[PDB]
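Chemist: Can you keep this structure in mind? I'll have questions shortly.
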Amino acid sequence: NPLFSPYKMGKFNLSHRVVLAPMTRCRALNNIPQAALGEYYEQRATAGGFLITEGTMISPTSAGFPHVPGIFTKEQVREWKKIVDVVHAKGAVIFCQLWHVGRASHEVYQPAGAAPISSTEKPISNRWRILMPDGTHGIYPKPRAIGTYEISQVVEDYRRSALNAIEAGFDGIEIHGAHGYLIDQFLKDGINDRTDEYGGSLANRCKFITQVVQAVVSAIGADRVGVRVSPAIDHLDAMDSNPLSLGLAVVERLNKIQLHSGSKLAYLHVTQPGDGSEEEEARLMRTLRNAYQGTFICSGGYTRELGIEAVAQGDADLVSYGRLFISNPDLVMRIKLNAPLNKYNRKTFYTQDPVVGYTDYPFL
Ligand SMILES: Cc1cc2nc3c(=O)[nH]c(=O)nc-3n(C[C@H](O)[C@H](O)[C@H](O)COP(=O)(O)O)c2cc1C
Numbered sequence: 010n011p012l013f014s015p016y017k018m019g020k021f022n023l024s025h026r027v028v029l030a031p032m033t034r035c036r037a038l039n040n041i042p043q044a045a046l047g048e049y050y051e052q053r054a055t056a057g058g059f060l061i062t063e064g065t066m067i068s069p070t071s072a073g074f075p076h077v078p079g080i081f082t083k084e085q086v087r088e089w090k091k092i093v094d095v096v097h098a099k100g101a102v103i104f105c106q107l108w109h110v111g112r113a114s115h116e117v118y119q120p121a122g123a124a125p126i127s128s129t130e131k132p133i134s135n136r137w138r139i140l141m142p143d144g145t146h147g148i149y150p151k152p153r154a155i156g157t158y159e160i161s162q163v164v165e166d167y168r169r170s171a172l173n174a175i176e177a178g179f180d181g182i183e184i185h186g187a188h189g190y191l192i193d194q195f196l197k198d199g200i201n202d203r204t205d206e207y208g209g210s211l212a213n214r215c216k217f218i219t220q221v222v223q224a225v226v227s228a229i230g231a232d233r234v235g236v237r238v239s240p241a242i243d244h245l246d247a248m249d250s251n252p253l254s255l256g257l258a259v260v261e262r263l264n265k266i267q268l269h270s271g272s273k274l275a276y277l278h279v280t281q282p283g284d285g288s289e290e291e292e293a294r295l296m297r298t299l300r301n302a303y304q305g306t307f308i309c310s311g312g313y314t315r316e317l318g319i320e321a322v323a324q325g326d327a328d329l330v331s332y333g334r335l336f337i338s339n340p341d342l343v344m345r346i347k348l349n350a351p352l353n354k355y356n357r358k359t360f361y362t363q364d365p366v367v368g369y370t371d372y373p374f375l
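Right under this line is the structure:
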């Protein structure tokens, strides 16, 4: 089973290639990491296994879900440190995913009910509704298009959160640049209608993600930085006219950051629509992997067998699993044994209970 061959993710010597994908679960009440998170990550941790946390706030304005954790306050750092210690006691490696939702927010989630920020003033279309704190669904509002000074300020929010993650004991951070959130709102030409140096050309649209990645690499080292993108997921109105070329332009900028840094990133993490135009989705995935000088994590609808095939054929170095990890805390061992997997319950993906639908999925 090639899923269980060791892999050197830079300084981190992984014992197997099954990765916990980042997933928002909304148990970090008042944006403070809770003991329930520590139990949840500890359940999933394995010796030498790699975990990526749920998206984590970089600023008071960066949220668009209820009760998601932040890492911009010292109080949050203190509570994260307790979770990281528990996970490190099982021998796992853990990165914190830094997340800004951009225009995918709502007054209820913003300080003083202020407008969310974006590359653009265009709201997400009415085809999408935002989950509200009371469980109803609301309308995505018109965002405020930020200028270049405020862009540099958001970059600094990423830099400070990366340092905070290191202070909490995280092994590294992942830049959330996927799923139509703030970074994807600069990347995709279906969203980014700017006429300054952050819009128009491929190069201009890749400026934001490049500046974020360079900032965090300069703060904590490239080998502690992973980057997640989703060129071909159109979630929250996030489409590009040429996904493969956008993906290849991002990869070129990561390759250059590595050459100029003298060092490799932890990984590039590409995620695709779950229900898959199969062989063509595979085209995109292999083309980005082949373009990128470094470790590649594939994600989106992978099964035990497709994960094995992915590593065996050289298509990916690591495979991340999301939904199956929700309901199988011991997914790694289940994959090793080819043991049958537990169903998950969508109804408790984003509820607040510290146990139900969170830590009470049974082991094998
Ligand atoms: C409930 C839920 C929450 C998620 N939260 C995040 C997130 O915070 N950041 C992120 O990059 N992806 C997030 N995702 C997407 C997953 O990381 C993963 O890419 C997706 O579920 C597809 O992989 P899978 O088919 O193995 O589930 C989430 C997905 C689900 C279902």
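With the deposited numbering as the guide, the letters of the sequence shown map in order to residues 10 to 285, 288 to 375. From the three backbone atoms N, C-alpha and C, an ideal C-beta is built for every residue, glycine too.
1. Does ligand 2 have a heavy atom nearer than 7 Å to the CB of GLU63?
2. Please name the residue in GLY144, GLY208, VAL226 and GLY285 whose C-alpha comes closest to that of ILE184.
3. Leaving aside the five residues before and after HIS146 along the sequence, list all residues of the same chain whose C-beta is less than 8 Å from its C-beta, in chain order.
4. Would a C-beta distance cut-off of 8 Å place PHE195 and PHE179 closer than the cut-off?
5. On the criterion of 16 or more Cβ atoms from any shown chain inside 10 Å, does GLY79 qualify as buried, or is it exposed?
6. Rounding to the nearest angstrom, what Cα-Cα distance links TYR16 and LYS273 in this structure?
7. Enumerate, from N- to C-terminal direction, the unbroken alpha helix (DSSP H) stretches of 4 or more residues contained entirely within the segment 175-208.
8. Taking 7 Å as the cut-off, is the CB of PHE360 close to at least one heavy atom of ligand 1?
9. Closest by CA to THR204, which one among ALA154, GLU289, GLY64 and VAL102?
10. Indicate whether the contact test is met: 3 or more Cβ pairs, each with one atom in the segment 81-96 and one in the segment 155-165, closer than 8 Å.
11. In chain order, what residues of the same chain have a beta carbon less than 7 Å from the beta carbon of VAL343, not counting five sequence neighbours either side?
12. So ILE346 is in the alpha helix (DSSP H); what residue range does that whole segment cover?
13. Can you find at least 3 beta carbon pairs, one from the segment 166-175 and one from the segment 65-73, that sit closer than 8 Å?
14. Quick check: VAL330 and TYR313, are their CB atoms within less than 8 Å of each other?
15. On a Cα-Cα basis, can you pick out the residue from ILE319, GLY271, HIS109 and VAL259 that is closest to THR298?
16. In this structure, what does DSSP give as the bridge partners for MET18?
17. So, at 7 Å on beta carbons, what are the nonlocal neighbours of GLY285 in its own chain, with the 5 sequence-adjacent residues on each side left out?
18. If distances are taken between C-alpha atoms only, which option among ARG237, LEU12, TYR276 and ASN213 comes closest to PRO31?
19. Give me whichever residues DSSP pairs with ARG112 in a beta bridge.
20. To the nearest angstrom, report how far apart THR359 and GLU51 are at their CA atoms.
21. Go ahead and label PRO75 buried or exposed: buried means 16 or more other beta carbons lie within 10 angstroms of its beta carbon, across all protein chains shown.
22. Could you pull the start and end residues of the alpha helix (DSSP H) that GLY47 belongs to?
23. Answer yes or no: the CB of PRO75 versus the heavy atoms of ligand 1, is any distance below 7 Å?
24. Compute every distance between the C-beta of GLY311 and the non-hydrogen atoms of ligand 1, then say whether any falls below 7 Å.
25. Can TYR332 be considered in contact with ligand 1, in the sense that its beta carbon sits closer than 7 Å to one or more heavy atoms?
26. Which one of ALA124, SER128 and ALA44 has the shortest CA to CA distance from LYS90?
Modeler: Considering the structure as presented:
1. The model on display carries ligand 1 but not ligand 2.
2. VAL226
3. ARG138, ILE139 and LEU140
4. no
5. buried
6. 15 Å
7. 191-196
8. yes
9. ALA154
10. no
11. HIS25, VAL27, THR55 and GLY58
12. 342-348
13. yes
14. yes
15. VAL259
16. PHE21
17. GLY312
18. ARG237
19. Answer by DSSP bridge pairing: none, since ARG112 is not bridged.
20. 19 Å
21. buried
22. 44-53
23. no
24. yes
25. yes
26. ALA44
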